[PDB]
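S.K.: Sequential numbering of the sequence shown, starting at 38, is according to the deposited numbering. C-beta: ideal position from N, C-alpha, C; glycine also. Dropping a structure here in structure tokens format, bear with me for questions.
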Amino acid sequence: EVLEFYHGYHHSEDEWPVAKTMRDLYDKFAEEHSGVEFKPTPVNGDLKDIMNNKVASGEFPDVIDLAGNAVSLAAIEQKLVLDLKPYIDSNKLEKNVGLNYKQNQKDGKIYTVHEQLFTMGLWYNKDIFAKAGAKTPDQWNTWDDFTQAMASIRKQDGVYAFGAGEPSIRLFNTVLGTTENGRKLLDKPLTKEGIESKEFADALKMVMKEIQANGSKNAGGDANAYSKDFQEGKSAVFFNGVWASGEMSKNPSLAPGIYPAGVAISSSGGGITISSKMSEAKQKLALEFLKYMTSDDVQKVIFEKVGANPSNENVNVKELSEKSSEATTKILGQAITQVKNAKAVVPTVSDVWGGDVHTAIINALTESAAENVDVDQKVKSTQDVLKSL
Ligand SMILES: CC(=O)N[C@H]1[C@@H](O[C@H]2[C@@H](O)[C@@H](CO)O[C@@H](O)[C@@H]2O[C@@H]2O[C@@H](C)[C@@H](O)[C@@H](O)[C@@H]2O)O[C@H](CO)[C@H](O)[C@@H]1O
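Here is the structure:
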């Protein structure tokens, strides 16, 4: 028997050393293991496609690491996915899964566990801000402070303010969390009245206006294609998580911050997700793999080698940052501490409202960058699109 494990760590160690570290973690589990063999399969392209193509025709990949992506809602309805909570309970792994335990709980059931937490503030270039005379992220008490800082930076040439596209939903996600009503919207699945909802409409409009001011030229991509520009000093701010630290530590000009009014993103994300339709032996090896990726020793590697925030609460991130000589581990701990000490913390749209709502909002924010789009009627048509899904 073969247990197929799909992940997105396909990168050569020369393009992203983290991928190689992860792959070393996986086939070390394979060598550790009986009558069922573990087979890691690195996916080049969309991980959601592997899942969704199997969900159609009523199946599921044996094991998939969704890497922050949300579980298919159709997969849960058809119970293509195993409930992980009994095994966690049961093997005393509440602390090992950390934030996943409460946040990935859907009616007392856990369908996915992310070994790396979706801990997300933002990144900014200290030199570009200083030169523009722009308020740094710690000075952004309101949305208007952020937009005024962005306007100042655009008065300089050679640099654009920020990358828009996928990163622009992080602005929507956090600006919604600026009021109590917006925060409770992100506590439940999305409803028609929630879409409509002055807070939902205002957030949409604020961000779209800023994305349009940011320029249509600067909305053609995802976070991965904006990272290079930021490392090279071509942009002022970069909306990505703490896990960016390894790529970020190379340029000492760039620093962690969080979003206006002291808001940060703190969610689990989708992670290790396992099929319901397997023999007893490969189901228990798959749960053994969850146990492994979530163990004390692996999570130390998750923090120290992989520059990410571990799900395991037994790993002392601060003390490890304390005793490290690594620049990566230093700003990693700094970035995590900022999110942990945010005035308000929100989950990702993807986690709470699902992958479809995530994608629809990203598309609408991207489309709004076009110079000929009226923001008011775009907001209205965006909320028209959300109600239908
Ligand atoms: C769902 C989502 O918004 N994912 C974005 C995000 O993903 C990264 C985080 O989930 C991080 C947590 O520490 O783990 C990273 O592995 C993950 O990166 C992505 O997934 C892995 C498996 C690889 O395929 C990576 O190349 C891929 O980026 O952040 C990235 C940018 O850092 C993207 O915006 C993702 O869309």
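1. Can you name, in chain order, every residue of its own chain whose Cβ lies under 8 Å from the Cβ of residue 386, other than the five neighbours on each side?
2. Tell me whether the stretch 142 to 156 and the stretch 248 to 258 touch, counting them as touching only if at least three CB pairs, one residue from each stretch, are closer than 8 Å.
3. On a Cα-Cα basis, can you pick out the residue from 40, 353 and 346 that is closest to residue 104?
4. Here's a check: name, in chain order, each residue in its chain whose Cβ is nearer than 7 Å to the Cβ of residue 87, leaving out the five neighbours to either side.
5. Who are the near neighbours of residue 258 in its chain, counting only those whose CB is closer than 7 Å to its CB and skipping five residues on each side?
6. Going by DSSP in three states, residue 494 sits in which element: helix, strand or coil?
7. Near residue 423, which residues of its chain fall below 8 Å by C-beta distance, leaving aside the five closest residues on each side in sequence?
8. Let me know the secondary structure DSSP gives residue 51 once reduced to three states.
9. Can you tell me the Cα-Cα spacing of residue 57 and residue 46, whole angstroms?
10. Does the stretch 114 to 129 come within contact of the stretch 163 to 174, defined as at least 3 CB pairs closer than 8 Å?
11. If I'm right that residue 70 touches residue 324 with Cβ under 8 Å, what's the distance once you round it to whole angstroms?
12. Within 7 Å: the Cβ of residue 31 and any heavy atom of ligand 1?
13. Using only CA atoms, which one of 400, 390 and 407 lies nearest to residue 419?
14. Residue 156: which of 391, 362 and 340 sits nearest, CA to CA?
15. Sort 306, 114 and 405 by Cα distance to residue 107 and report the nearest one.
16. Can you tell which of 301, 350 and 357 has the C-alpha that lies nearest to the C-alpha of residue 382?
17. Pull up the distance between the alpha-carbon of residue 65 and that of residue 425, whole angstroms please.
18. Considering only their Cβ atoms, is the gap separating residue 150 from residue 331 smaller than 8 Å?
19. Compute the Euclidean distance between the alpha carbons of residue 318 and residue 286, then round it to the nearest angstrom.
20. Which of the three DSSP states, helix, strand or coil, is assigned to residue 79?
21. Among 326, 159 and 242, which residue has its Cα nearest to the Cα of residue 414?
22. On the criterion of 16 or more Cβ atoms from any shown chain inside 10 Å, does residue 289 qualify as buried, or is it exposed?
23. Identify, in the order they occur along the chain, each residue of the same chain with its Cβ nearer than 7 Å to the Cβ of residue 364, setting aside the five sequence neighbours on each side.
24. Suppose the cutoff is 7 Å on Cβ atoms and the five residues either side in sequence are ignored; what does the same chain contact list for residue 256 look like?
25. To the nearest angstrom, report how far apart residue 96 and residue 384 are at their CA atoms.
26. Spatial neighbours of residue 329 within its chain, please: C-beta separation below 7 Å, excluding the five flanking residues on both sides.
27. How about residue 280: is its Cβ closer than 7 Å to a heavy atom in ligand 1?
28. Is it right to say residue 73 is buried, meaning 16 or more other beta carbons lie within 10 angstroms of its own, or is it exposed?
29. Can you tell which of 130, 114, 76 and 313 has the C-alpha that lies nearest to the C-alpha of residue 351?
30. Taking C-beta to C-beta, are residue 298 and residue 179 nearer than 8 Å?
31. Less than 7 Å between the CB of residue 267 and some heavy atom of ligand 1, yes or no?
32. Ignore the nearest five residues each way along the sequence and tell me which others in residue 313's own chain have a CB closer than 8 Å to its CB.
33. Mapping DSSP to helix, strand and coil, what is residue 134?
34. By the DSSP assignment, the alpha helix (DSSP H) with residue 276 in it spans what residues?
35. Return the chain-ordered list of same chain residues with a C-beta closer than 6 Å to the C-beta of residue 229, the five sequence neighbours on each side being excluded.
36. Does DSSP put residue 151 in a helix, a strand or coil?
M.R.: In terms of the structure at hand:
1. 206, 209, 210, 223, 394, 395 and 398
2. no
3. 346
4. 43, 80, 98 and 101
5. 200 and 202
6. Residue coverage of the chain in this structure runs from 38 to 426, which leaves residue 494 outside it and unanswerable.
7. 227, 232, 394, 397 and 398
8. coil
9. 7 Å
10. no
11. With a Cβ gap of about 12 Å, residue 70 and residue 324 do not count as contacting.
12. Lying before the first or after the last residue shown, residue 31 is absent from the chain, which here runs from 38 to 426.
13. 400
14. 340
15. 306
16. 301
17. 46 Å
18. yes
19. 43 Å
20. strand
21. 242
22. exposed
23. 286
24. 201, 202, 248, 403 and 406
25. 29 Å
26. 66 and 335
27. yes
28. buried
29. 130
30. yes
31. no
32. 97, 116, 117, 118 and 119
33. helix
34. Element bounds for residue 276: n/a, residue is neither H nor E.
35. 424
36. coil
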